[PDB]
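Here's the structure we're looking at; comments come further down.
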Amino acid sequence: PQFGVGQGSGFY
Amino acid sequence: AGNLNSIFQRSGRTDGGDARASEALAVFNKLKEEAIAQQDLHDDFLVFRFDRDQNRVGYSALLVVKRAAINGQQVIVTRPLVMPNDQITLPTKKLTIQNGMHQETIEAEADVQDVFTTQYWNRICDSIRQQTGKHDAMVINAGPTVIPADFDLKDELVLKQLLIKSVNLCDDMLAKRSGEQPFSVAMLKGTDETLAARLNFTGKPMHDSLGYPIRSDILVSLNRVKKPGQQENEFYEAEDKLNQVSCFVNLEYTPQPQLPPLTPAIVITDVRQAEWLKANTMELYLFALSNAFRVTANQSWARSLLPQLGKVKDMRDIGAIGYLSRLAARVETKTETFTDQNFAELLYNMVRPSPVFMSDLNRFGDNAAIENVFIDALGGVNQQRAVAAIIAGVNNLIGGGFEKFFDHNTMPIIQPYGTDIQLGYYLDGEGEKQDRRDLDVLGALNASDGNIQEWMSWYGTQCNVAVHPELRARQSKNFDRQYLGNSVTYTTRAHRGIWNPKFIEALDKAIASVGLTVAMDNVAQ
Amino acid sequence: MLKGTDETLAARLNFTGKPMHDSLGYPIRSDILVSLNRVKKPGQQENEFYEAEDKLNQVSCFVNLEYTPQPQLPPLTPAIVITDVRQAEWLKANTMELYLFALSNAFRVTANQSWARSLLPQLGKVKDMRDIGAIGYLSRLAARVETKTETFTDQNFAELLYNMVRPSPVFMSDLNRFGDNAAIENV
Amino acid sequence: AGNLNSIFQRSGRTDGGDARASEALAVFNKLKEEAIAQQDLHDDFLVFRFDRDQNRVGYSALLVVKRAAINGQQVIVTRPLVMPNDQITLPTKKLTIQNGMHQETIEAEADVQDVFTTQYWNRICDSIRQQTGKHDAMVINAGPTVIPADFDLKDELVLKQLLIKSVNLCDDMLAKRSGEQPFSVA
């Protein structure tokens with residue numbers, strides 16, 4: 001139902 | 001207590017690290033050196049061990065690390081390689097499920113999705129700084145992946161290739177942070193060059209960076225842009241390929257309040273550039289995705305559903321479709337009286353004419369640095385940023401104008417499919433690895449041999465997402481033991497989503513509209 | 001740095017019948033291992049992301065007996081002898097402050113009469129050396145006390161201590177110029 | 001592919017290519033080190049790889065390289081060692097011959113003289129420059145040679161001598177470029 005977000009990088 | 005790490009780590013070194021992270025470091029350092037000796041790898045970088053003992057993770061990992069200073073900022077790009085250890089159990093998480101008025105808790109092991117928390121990453125970054133000396137560095141996430149406990153560590157070839165691929169990606173991300181120029185149709189659009197493409201009805205699986213099989217019914221091959229009459233590049237031999245997309249088509253049994261009952265669910269399972277190209281960027285990815293669209297837009301995917309006539313062991317034989325149809329029976333497809341015309345009729349009555357395009361999304365896959373933007377684009381705190389990155393990537397391909405087809409803020413690029421994906425493989429009668437996804441709708445109908453009640457119990461498990469996913473995962477595993485066999489190994493899980501039809505319209509039309517014409521090789525069926 | 005608002009300490013006295021080993025694998029005698037742990041309130045903890053342990057430090061003590069005849073007091077005066085001082089394996093540093101904090105673990109081994117458990121008999125041993133029944137040779141009995149058998153009671157044990165062992169031990173320690181703590185022990 | 005390779009070869013590396021060429025690079029590296037240890041050769045030269053999957057080559061080669069700055073010009077001197085492989089098929093020339101009144105075609109595999117074209121040389125120039133970092137250097141062709149497909153790589157003596165001789169030829173060409181005084185009857 002919800003979207004968790006990990007520590008992505010470069011694009012943001 | 002956890003704040004005593006500020007004292008614990010102030011000075012000195014210790015004797016520690018798990019047996020797999022120890023062995024993994026030793027083989028990876030060996031491989032680095034051989035790659036340098038053979039001149040395949042450049043000697044500009046470091047490999048590091050991240051310990052569960054020395055620092056704050058549940059699972060140890062090796063870190064593929066490269067660095068450069070970019071416009072005064074120290075930048076490090078890291079691609080973690082998780083090392084699960086079969087002898088080490090991390091305390092489980094409590095999954096409390098509110099089943100209406102009944103509350104029950106299931107305890108379960110943390111998978112790489114649960115392990116790779118935001119703090120897990122932040123701890124990886126801190127350890128690297130301790131190991132590189134770059135205490136003020138910024139660290140780029142190239143996407144964690146995992147090298148599973150199960151197999152023997154002696155496969156130097158694969159391990160070498162993992163380092164090679166991981167450093168490739170690290171160089172890309174330093175470059176793209178450095179402002180490197182994007183992939184575009186303009187680079188392909190020679191004034192004397194054109195594209196062409198075909199659908200491969202493979203009869204075989206394709207394999208990820210660790211050698212595990214990936215389901216594909218159709219491999220779409222986009223030919224190298226070129227033209228007869230161009231200057232030949234000396235005495236050369238090459239495959240005329242630019243890129244490819246791996247996909248499969250299921251037949252989902254879907255609701256209706258006149259359409260037939262099954263949906264042609266076209267699923268992308270992998271996106272690859274031709275092997276001669278080294279870089280992996282969003283523009284390259286996005287351009288290749290148009291390969292799946294053409295599967296149903298210009299050509300007809302339904303050929304992939306033909307039964308393997310003459311082969312007794314076809315677990316996904318189309319004849320099974322008769323169990324969901326009004327026949328409530330397997331269609332006799334073993335017989336000399338079964339024709340192409342009869343096949344088409346089964347589909348006329350059972351399968352909807354309008355294709356649906358969706359894809360897997362895997363934060364831990366071979367393309368994780370990129371998969372992550374497409375995943376965050378599904379929803380969450382940074383959806384707007386992920387979407388902005390994706391639309392920018394297509395505009396880089398076409399020179400602007402994606403926005404002339406649709407509003408990305410009214411039409412988010414990828415929607416959730418809800419039911420997520422359990423990945424794994426099973427062994428066949430000769431011991432080969434096959435994708436567990438084979439028990440799809442036709443697969444499951446043959447597995448139960450027409451027992452529709454058994455099929456529907458399974459089918460509801462794979463569709464009703466009001467049911468907590470742990471409950472669904474347990475029943476999915478129960479069904480594999482009964483129908484697939486006990487020789488089943490589970491691998492890293494993944495998300496699925498639906499590509500917005502307007503994203504698709506804009507990508508395909510925008511490329512065609514700027515003149516990068518592609519011919520179909522299968523000019524007529 | 002230890003006084004967390006969500007953190008307290010607690011300790012356990014271990015009476016197990018096994019030795020410790022030093023830095024080159026040689027045995028160390030002790031009767032009691034005093035283990036001091038970090039206990040946190042069950043809210044958010046750093047360990048939500050990792051396997052974790054609460055050991056802070058440990059002091060290993062031996063319980064001795066000094067014979068002090070009076071030509072009255074029970075003839076044997078016990079002592080708590082520190083045979084080793086260690087920090088938890090999590091802490092790489094070894095300093096004076098850490099050593100001193102850990103020493104408070106020996107002090108607490110004498111809470112109540114816990115330290116005297118080291119003087120008990122233990123299971124099934126036909127002829128073995130730390131048997132309290134040997135104490136009967138210095139006491140009026142001039143004989144070994146039948147302590148290893150099914151006819152020896154808890155009450156008889158308590159009586160051997162009441163008459164032969166003084167209830168309050170002397171604290172002392174062994175300082176090794178060449179041990180791993182030598183930088184500190186030499187002070 | 002060439003329009004893309006400009007930038008998408010810059011980021012990342014791969015494995016692959018002819019195993020015989022990899023063996024040849026490895027035996028030369030071994031011999032190089034033995035020669036340094038025994039003081040037969042100075043550790044002042046580099047050996048690079050020229051390979052199929054990167055350069056679309058026809059035949060693979062090892063490249064022996066020396067460098068000097070001569071009157072301000074950075075100069076790279078090299079001697080390629082071409083490596084044919086009996087297990088690898090090479091594309092042929094289609095030779096149309098007017099045999100009297102009728103044209104017939106004979107196909108033949110390109111030989112080392114057909115493969116080592118001016119452009120092959122230009123790609124050697126560029127490949128070495130990228131591996132040495134001297135992107136604006138002038139490159140001297142010291143005269144290539146060949147290590148034929150047919151035979152055991154077990155003749156370390158021959159391979160050692162080829163390396164020594166290649167190094168010497170490279171030095172003579174730099175010496176010419178720098179104005180070294182000629183041999184004369186004087």
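Order determines the names: the first chain of the structure tokens is A, the second B, and so forth; residues in each chain are numbered 1 upward, and ligands are numbered 1 upward as they are shown.
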
Please give the complete set of residues from range 5-178 of chain D that DSSP, run on the backbone, assigns to alpha helix (DSSP H), formatted as an NGL selection string.
:D and (5-8 or 19-37 or 52-55 or 112-115 or 118-132 or 156-177)

Report as a PyMOL selection string all protein, DNA and RNA residues lying within 10 Å of range 171-186 of chain C, evaluated on only C-alpha atoms, omitting residues in the same chain fewer than 3 positions from it.
chain C and resi 22-23+61-64+78-86+94-97+99-100+106-107+110+168

Expected file contents, prior selection, N, CA, C and O atoms, as a compact mmCIF listing (two decimals), in the first residue's frame:
# COMPACT_ATOMS: atom_id res chain seq x y z
N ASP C 22 44.61 -16.84 28.83
CA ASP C 22 45.27 -15.58 28.58
C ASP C 22 45.59 -15.44 27.10
O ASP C 22 45.14 -16.23 26.26
N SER C 23 46.37 -14.41 26.77
CA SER C 23 46.69 -14.05 25.41
C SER C 23 47.49 -15.08 24.63
O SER C 23 47.59 -14.96 23.42
N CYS C 61 37.44 -13.27 39.31
CA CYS C 61 37.97 -13.43 40.65
C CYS C 61 38.03 -14.87 41.15
O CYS C 61 37.17 -15.71 40.87
N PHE C 62 39.04 -15.09 41.97
CA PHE C 62 39.29 -16.33 42.69
C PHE C 62 39.01 -16.12 44.17
O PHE C 62 39.29 -15.05 44.70
N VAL C 63 38.38 -17.10 44.83
CA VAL C 63 38.15 -16.92 46.26
C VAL C 63 39.14 -17.74 47.07
O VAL C 63 39.10 -18.97 47.09
N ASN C 64 40.00 -17.04 47.79
CA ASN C 64 41.06 -17.67 48.55
C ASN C 64 40.63 -17.82 50.00
O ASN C 64 39.55 -17.36 50.37
N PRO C 78 38.67 -15.37 54.18
CA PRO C 78 38.54 -15.45 52.76
C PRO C 78 39.08 -14.21 52.10
O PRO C 78 39.20 -13.16 52.74
N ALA C 79 39.38 -14.33 50.82
CA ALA C 79 39.79 -13.17 50.05
C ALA C 79 39.31 -13.23 48.62
O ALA C 79 39.28 -14.29 47.99
N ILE C 80 39.02 -12.07 48.08
CA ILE C 80 38.62 -11.98 46.69
C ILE C 80 39.81 -11.52 45.92
O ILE C 80 40.23 -10.37 46.05
N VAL C 81 40.33 -12.40 45.08
CA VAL C 81 41.55 -12.12 44.38
C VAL C 81 41.26 -11.85 42.92
O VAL C 81 40.73 -12.72 42.22
N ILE C 82 41.63 -10.69 42.44
CA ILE C 82 41.40 -10.44 41.04
C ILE C 82 42.50 -11.10 40.26
O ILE C 82 43.69 -10.82 40.46
N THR C 83 42.11 -11.99 39.34
CA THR C 83 43.10 -12.72 38.56
C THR C 83 43.16 -12.14 37.17
O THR C 83 44.18 -12.25 36.48
N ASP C 84 42.08 -11.46 36.77
CA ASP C 84 42.06 -10.78 35.48
C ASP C 84 41.00 -9.67 35.44
O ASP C 84 39.99 -9.72 36.14
N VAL C 85 41.29 -8.64 34.64
CA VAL C 85 40.39 -7.52 34.37
C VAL C 85 40.29 -7.31 32.87
O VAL C 85 41.29 -7.01 32.21
N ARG C 86 39.08 -7.39 32.33
CA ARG C 86 38.93 -7.21 30.89
C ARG C 86 37.81 -6.26 30.54
O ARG C 86 36.85 -6.07 31.29
N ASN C 94 42.26 0.19 25.98
CA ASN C 94 42.55 -0.27 27.34
C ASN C 94 43.24 0.85 28.12
O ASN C 94 44.43 1.11 27.93
N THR C 95 42.49 1.53 28.97
CA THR C 95 42.97 2.71 29.68
C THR C 95 42.75 2.59 31.19
O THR C 95 42.05 1.68 31.65
N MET C 96 43.35 3.51 31.95
CA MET C 96 43.21 3.52 33.41
C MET C 96 41.77 3.70 33.85
O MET C 96 41.33 3.05 34.81
N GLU C 97 41.03 4.54 33.15
CA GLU C 97 39.66 4.81 33.54
C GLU C 97 38.83 3.56 33.33
O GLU C 97 38.06 3.16 34.21
N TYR C 99 39.89 0.46 33.32
CA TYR C 99 40.33 -0.56 34.26
C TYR C 99 39.64 -0.35 35.61
O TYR C 99 39.06 -1.28 36.17
N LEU C 100 39.69 0.90 36.09
CA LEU C 100 39.09 1.28 37.37
C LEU C 100 37.60 1.12 37.41
O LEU C 100 37.03 0.72 38.42
N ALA C 106 34.58 -6.41 41.01
CA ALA C 106 35.05 -7.32 42.03
C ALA C 106 34.39 -6.94 43.31
O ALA C 106 33.92 -7.78 44.06
N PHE C 107 34.22 -5.65 43.54
CA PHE C 107 33.63 -5.23 44.82
C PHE C 107 32.27 -5.87 45.05
O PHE C 107 31.97 -6.40 46.12
N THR C 110 30.86 -9.62 46.45
CA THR C 110 30.60 -9.97 47.82
C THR C 110 29.25 -9.50 48.29
O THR C 110 28.99 -9.45 49.49
N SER C 168 33.34 -11.93 55.98
CA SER C 168 33.76 -10.75 55.21
C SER C 168 35.18 -10.92 54.67
O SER C 168 36.12 -10.95 55.46

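The two atoms in question, CA of residue 62 in chain B and CA of residue 14 in chain D, are spaced 20.4 Å apart.
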
Selection: 8 Å around range 21-24 of chain B, only C-alpha atoms, excl. self and same-chain fewer than 6 positions, as a ChimeraX atom specification:
/B:49-51,60-62,83,153

Find the spatial neighbours of residue 205 in chain B, counting only C-alpha atoms, within a cut-off of 7 Å - ignore same-chain residues fewer than 6 positions away - and output them as an NGL selection string.
:B and (213-216)

So that I can see what lies close to residue 111 in chain C, please list as a VMD selection string the residues with an atom at most 12 Å from it, counting only C-alpha atoms and leaving out residues fewer than 3 positions away in the same chain.
chain C and resid 11 to 13 34 104 to 108 114 to 117 167 to 169

Quick one: which chain B residues come within 6 Å of chain C, and what is the nearest atom pair for each with the distance in Å to one decimal, counting only C-alpha atoms, rows ordered by chain and ascending number, as JSON lines?
{"residue": "B:2", "atom": "CA", "partner": "C:46", "partner_atom": "CA", "distance": 5.5}
{"residue": "B:8", "atom": "CA", "partner": "C:91", "partner_atom": "CA", "distance": 4.2}
{"residue": "B:56", "atom": "CA", "partner": "C:50", "partner_atom": "CA", "distance": 5.7}
{"residue": "B:57", "atom": "CA", "partner": "C:50", "partner_atom": "CA", "distance": 4.7}
{"residue": "B:58", "atom": "CA", "partner": "C:50", "partner_atom": "CA", "distance": 4.0}

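For the atom pair formed by CA of residue 149 in chain B and CA of residue 20 in chain B, the distance is 8.2 Å, given to one decimal.
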
Please produce, as a tab-separated table, a per-residue contact table for chain A versus chain B (criterion: any atom at most 6 Å away, only C-alpha atoms considered), showing the nearest atom pair and its distance in Å to one decimal, sorted by chain then residue number.
residue	atom	partner	partner_atom	distance
A:3	CA	B:380	CA	5.0
A:6	CA	B:118	CA	5.2
A:7	CA	B:118	CA	5.4
A:8	CA	B:141	CA	5.7
A:9	CA	B:140	CA	5.3

If we count only C-alpha atoms and set the cut-off at 10 Å, which residues sit around residue 135 in chain C, ignoring sequence neighbours fewer than 3 positions away in its own chain? Please answer as a PDB file with N, CA, C and O atoms, in the first residue's frame.
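Saved result, selection_26.pdb, follows:
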ATOM      1  N   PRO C  75      38.852 -19.785  61.849  1.00  0.00           N
ATOM      2  CA  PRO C  75      40.252 -19.826  61.411  1.00  0.00           C
ATOM      3  C   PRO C  75      40.597 -19.408  59.972  1.00  0.00           C
ATOM      4  O   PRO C  75      41.749 -19.052  59.723  1.00  0.00           O
ATOM      5  N   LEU C  76      39.667 -19.478  59.015  1.00  0.00           N
ATOM      6  CA  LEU C  76      40.019 -19.069  57.656  1.00  0.00           C
ATOM      7  C   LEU C  76      39.390 -17.745  57.227  1.00  0.00           C
ATOM      8  O   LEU C  76      38.173 -17.554  57.285  1.00  0.00           O
ATOM      9  N   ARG C 130      39.020 -28.943  45.357  1.00  0.00           N
ATOM     10  CA  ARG C 130      38.630 -27.694  46.004  1.00  0.00           C
ATOM     11  C   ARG C 130      37.570 -27.981  47.046  1.00  0.00           C
ATOM     12  O   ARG C 130      36.899 -27.068  47.528  1.00  0.00           O
ATOM     13  N   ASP C 131      37.394 -29.259  47.352  1.00  0.00           N
ATOM     14  CA  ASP C 131      36.390 -29.716  48.288  1.00  0.00           C
ATOM     15  C   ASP C 131      36.514 -29.083  49.658  1.00  0.00           C
ATOM     16  O   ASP C 131      37.524 -29.238  50.346  1.00  0.00           O
ATOM     17  N   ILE C 132      35.431 -28.429  50.082  1.00  0.00           N
ATOM     18  CA  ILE C 132      35.349 -27.770  51.374  1.00  0.00           C
ATOM     19  C   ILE C 132      35.522 -28.753  52.483  1.00  0.00           C
ATOM     20  O   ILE C 132      35.917 -28.383  53.570  1.00  0.00           O
ATOM     21  N   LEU C 138      41.481 -28.786  59.446  1.00  0.00           N
ATOM     22  CA  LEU C 138      41.987 -27.674  60.240  1.00  0.00           C
ATOM     23  C   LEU C 138      41.039 -27.400  61.401  1.00  0.00           C
ATOM     24  O   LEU C 138      41.443 -26.865  62.436  1.00  0.00           O
ATOM     25  N   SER C 139      39.771 -27.769  61.222  1.00  0.00           N
ATOM     26  CA  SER C 139      38.751 -27.569  62.236  1.00  0.00           C
ATOM     27  C   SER C 139      38.929 -28.644  63.290  1.00  0.00           C
ATOM     28  O   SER C 139      39.732 -29.569  63.136  1.00  0.00           O
ATOM     29  N   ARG C 140      38.140 -28.549  64.357  1.00  0.00           N
ATOM     30  CA  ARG C 140      38.168 -29.505  65.461  1.00  0.00           C
ATOM     31  C   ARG C 140      38.068 -30.969  65.029  1.00  0.00           C
ATOM     32  O   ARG C 140      38.527 -31.858  65.745  1.00  0.00           O
ATOM     33  N   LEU C 141      37.422 -31.235  63.903  1.00  0.00           N
ATOM     34  CA  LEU C 141      37.231 -32.603  63.456  1.00  0.00           C
ATOM     35  C   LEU C 141      38.529 -33.328  63.161  1.00  0.00           C
ATOM     36  O   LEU C 141      38.593 -34.553  63.304  1.00  0.00           O
ATOM     37  N   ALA C 142      39.543 -32.608  62.661  1.00  0.00           N
ATOM     38  CA  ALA C 142      40.803 -33.207  62.245  1.00  0.00           C
ATOM     39  C   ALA C 142      40.534 -34.355  61.279  1.00  0.00           C
ATOM     40  O   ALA C 142      41.174 -35.410  61.346  1.00  0.00           O
ATOM     41  N   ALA C 143      39.582 -34.151  60.385  1.00  0.00           N
ATOM     42  CA  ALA C 143      39.168 -35.167  59.438  1.00  0.00           C
ATOM     43  C   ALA C 143      38.508 -34.561  58.231  1.00  0.00           C
ATOM     44  O   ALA C 143      37.986 -33.462  58.302  1.00  0.00           O
ATOM     45  N   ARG C 144      38.490 -35.276  57.121  1.00  0.00           N
ATOM     46  CA  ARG C 144      37.758 -34.751  55.988  1.00  0.00           C
ATOM     47  C   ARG C 144      36.286 -34.936  56.292  1.00  0.00           C
ATOM     48  O   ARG C 144      35.879 -35.973  56.824  1.00  0.00           O
ATOM     49  N   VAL C 145      35.508 -33.935  55.945  1.00  0.00           N
ATOM     50  CA  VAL C 145      34.075 -33.966  56.131  1.00  0.00           C
ATOM     51  C   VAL C 145      33.483 -34.747  54.979  1.00  0.00           C
ATOM     52  O   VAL C 145      33.893 -34.571  53.829  1.00  0.00           O
ATOM     53  N   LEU C 160      29.723 -25.592  58.181  1.00  0.00           N
ATOM     54  CA  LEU C 160      31.170 -25.611  58.018  1.00  0.00           C
ATOM     55  C   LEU C 160      31.631 -24.184  57.835  1.00  0.00           C
ATOM     56  O   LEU C 160      32.639 -23.775  58.411  1.00  0.00           O
ATOM     57  N   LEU C 161      30.894 -23.420  57.021  1.00  0.00           N
ATOM     58  CA  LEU C 161      31.279 -22.025  56.869  1.00  0.00           C
ATOM     59  C   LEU C 161      31.098 -21.213  58.146  1.00  0.00           C
ATOM     60  O   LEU C 161      31.984 -20.458  58.530  1.00  0.00           O
ATOM     61  N   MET C 164      34.198 -22.271  60.306  1.00  0.00           N
ATOM     62  CA  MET C 164      35.530 -22.135  59.722  1.00  0.00           C
ATOM     63  C   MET C 164      35.843 -20.912  58.865  1.00  0.00           C
ATOM     64  O   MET C 164      37.017 -20.596  58.694  1.00  0.00           O
ATOM     65  N   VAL C 165      34.846 -20.241  58.278  1.00  0.00           N
ATOM     66  CA  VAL C 165      35.147 -19.144  57.359  1.00  0.00           C
ATOM     67  C   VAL C 165      34.539 -17.806  57.787  1.00  0.00           C
ATOM     68  O   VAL C 165      33.332 -17.672  57.966  1.00  0.00           O
TER      69      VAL C 165
END

Just the number, please: distance in Å from CA of residue 80 in chain B to CA of residue 144 in chain B, one decimal.
4.6 Å

Name the residues of range 72-125 of chain D that fall into strand (DSSP E or B) according to DSSP on the backbone, using the chain letters and numbers of this document, as a ChimeraX atom specification.
/D:73-83,92-99,102-109

What are the residues of chain B lining chain D at 8 Å or less? Count only C-alpha atoms, and put the answer as a ChimeraX atom specification.
/B:37-41,161,164-165,167-172,175,181,183,187-188,224-225,234-238,242,276-279

Take the residues just selected and output them with N, CA, C and O atoms as a compact mmCIF listing (two decimals), in the first residue's frame.
# COMPACT_ATOMS: atom_id res chain seq x y z
N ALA B 37 46.67 -7.71 -13.75
CA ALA B 37 47.76 -8.43 -14.43
C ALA B 37 47.47 -8.73 -15.89
O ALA B 37 48.36 -8.66 -16.74
N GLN B 38 46.20 -9.01 -16.20
CA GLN B 38 45.78 -9.32 -17.56
C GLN B 38 45.44 -8.06 -18.33
O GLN B 38 45.09 -8.13 -19.51
N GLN B 39 45.59 -6.89 -17.70
CA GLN B 39 45.24 -5.55 -18.17
C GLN B 39 43.75 -5.35 -18.46
O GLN B 39 43.38 -4.48 -19.25
N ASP B 40 42.86 -6.12 -17.82
CA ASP B 40 41.44 -5.98 -18.08
C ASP B 40 40.90 -4.87 -17.20
O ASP B 40 40.03 -4.12 -17.60
N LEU B 41 41.46 -4.76 -16.00
CA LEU B 41 41.02 -3.77 -15.01
C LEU B 41 42.09 -2.69 -14.81
O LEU B 41 43.28 -3.00 -14.77
N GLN B 161 33.79 -11.12 -13.19
CA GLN B 161 32.81 -10.38 -13.96
C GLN B 161 32.00 -9.47 -13.07
O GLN B 161 31.65 -8.36 -13.50
N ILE B 164 34.07 -6.40 -12.55
CA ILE B 164 34.13 -5.66 -13.79
C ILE B 164 32.84 -4.85 -13.94
O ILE B 164 32.84 -3.64 -14.08
N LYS B 165 31.68 -5.48 -13.80
CA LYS B 165 30.42 -4.81 -14.01
C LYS B 165 30.17 -3.73 -12.97
O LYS B 165 29.65 -2.65 -13.28
N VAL B 167 32.47 -2.01 -11.26
CA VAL B 167 33.30 -0.83 -11.46
C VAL B 167 32.81 -0.04 -12.65
O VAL B 167 32.93 1.18 -12.66
N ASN B 168 32.25 -0.68 -13.67
CA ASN B 168 31.69 0.00 -14.83
C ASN B 168 30.67 0.98 -14.34
O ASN B 168 30.70 2.18 -14.65
N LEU B 169 29.77 0.46 -13.52
CA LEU B 169 28.68 1.29 -13.05
C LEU B 169 29.23 2.41 -12.19
O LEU B 169 28.72 3.54 -12.24
N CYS B 170 30.26 2.12 -11.38
CA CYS B 170 30.83 3.16 -10.56
C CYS B 170 31.40 4.30 -11.41
O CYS B 170 31.21 5.48 -11.08
N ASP B 171 32.05 3.95 -12.53
CA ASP B 171 32.61 4.97 -13.41
C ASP B 171 31.51 5.79 -14.05
O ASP B 171 31.65 7.01 -14.17
N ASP B 172 30.40 5.15 -14.42
CA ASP B 172 29.26 5.84 -15.00
C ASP B 172 28.74 6.86 -14.02
O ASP B 172 28.49 8.01 -14.37
N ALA B 175 30.89 9.74 -13.68
CA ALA B 175 30.78 10.53 -14.90
C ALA B 175 29.51 11.35 -14.95
O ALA B 175 29.54 12.50 -15.40
N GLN B 181 28.10 13.78 -21.15
CA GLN B 181 27.07 13.89 -22.20
C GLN B 181 26.17 12.64 -22.31
O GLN B 181 26.66 11.51 -22.20
N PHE B 183 23.25 9.69 -23.73
CA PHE B 183 22.88 8.95 -24.93
C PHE B 183 21.70 9.58 -25.62
O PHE B 183 20.74 9.98 -24.95
N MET B 187 22.84 10.45 -31.77
CA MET B 187 24.10 9.76 -31.90
C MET B 187 23.89 8.55 -32.80
O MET B 187 24.79 8.16 -33.54
N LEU B 188 22.67 8.01 -32.75
CA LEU B 188 22.30 6.87 -33.59
C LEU B 188 21.86 7.28 -34.98
O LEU B 188 22.01 6.54 -35.95
N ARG B 224 21.63 -3.01 -34.82
CA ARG B 224 22.55 -1.89 -34.85
C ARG B 224 22.12 -0.91 -35.91
O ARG B 224 21.75 -1.31 -37.01
N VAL B 225 22.17 0.37 -35.59
CA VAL B 225 21.78 1.34 -36.58
C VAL B 225 22.87 1.35 -37.66
O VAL B 225 24.05 1.52 -37.33
N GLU B 234 37.11 -1.72 -42.04
CA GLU B 234 38.25 -2.61 -42.24
C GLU B 234 37.79 -4.08 -42.21
O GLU B 234 36.63 -4.39 -42.49
N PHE B 235 38.69 -5.01 -41.91
CA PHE B 235 38.33 -6.41 -41.83
C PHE B 235 37.78 -6.73 -40.47
O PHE B 235 38.52 -7.14 -39.59
N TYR B 236 36.50 -6.48 -40.27
CA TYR B 236 35.84 -6.66 -38.98
C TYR B 236 34.75 -7.71 -39.05
O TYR B 236 34.21 -8.01 -40.11
N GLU B 237 34.38 -8.24 -37.89
CA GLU B 237 33.17 -9.04 -37.77
C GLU B 237 32.46 -8.68 -36.49
O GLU B 237 33.06 -8.70 -35.42
N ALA B 238 31.18 -8.40 -36.58
CA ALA B 238 30.46 -7.98 -35.39
C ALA B 238 29.01 -8.38 -35.47
O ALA B 238 28.47 -8.53 -36.56
N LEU B 242 22.15 -3.41 -31.14
CA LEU B 242 22.28 -2.22 -30.31
C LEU B 242 21.87 -2.51 -28.87
O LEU B 242 22.60 -2.16 -27.93
N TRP B 276 28.97 -4.89 -26.53
CA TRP B 276 30.10 -4.09 -26.96
C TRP B 276 30.14 -2.71 -26.31
O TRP B 276 31.18 -2.06 -26.37
N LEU B 277 29.02 -2.26 -25.73
CA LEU B 277 28.92 -0.93 -25.12
C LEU B 277 29.16 -1.11 -23.62
O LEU B 277 28.71 -2.11 -23.06
N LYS B 278 29.88 -0.22 -22.96
CA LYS B 278 30.27 -0.44 -21.56
C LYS B 278 29.33 0.30 -20.60
O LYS B 278 28.96 -0.25 -19.57
N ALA B 279 28.92 1.52 -20.96
CA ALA B 279 28.12 2.38 -20.08
C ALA B 279 26.69 1.90 -19.83
O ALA B 279 26.04 1.34 -20.71

Shell of 12 Å around residue 312 in chain B, only C-alpha atoms, local chain residues under 6 positions omitted, as a VMD selection string
chain B and resid 333 to 335
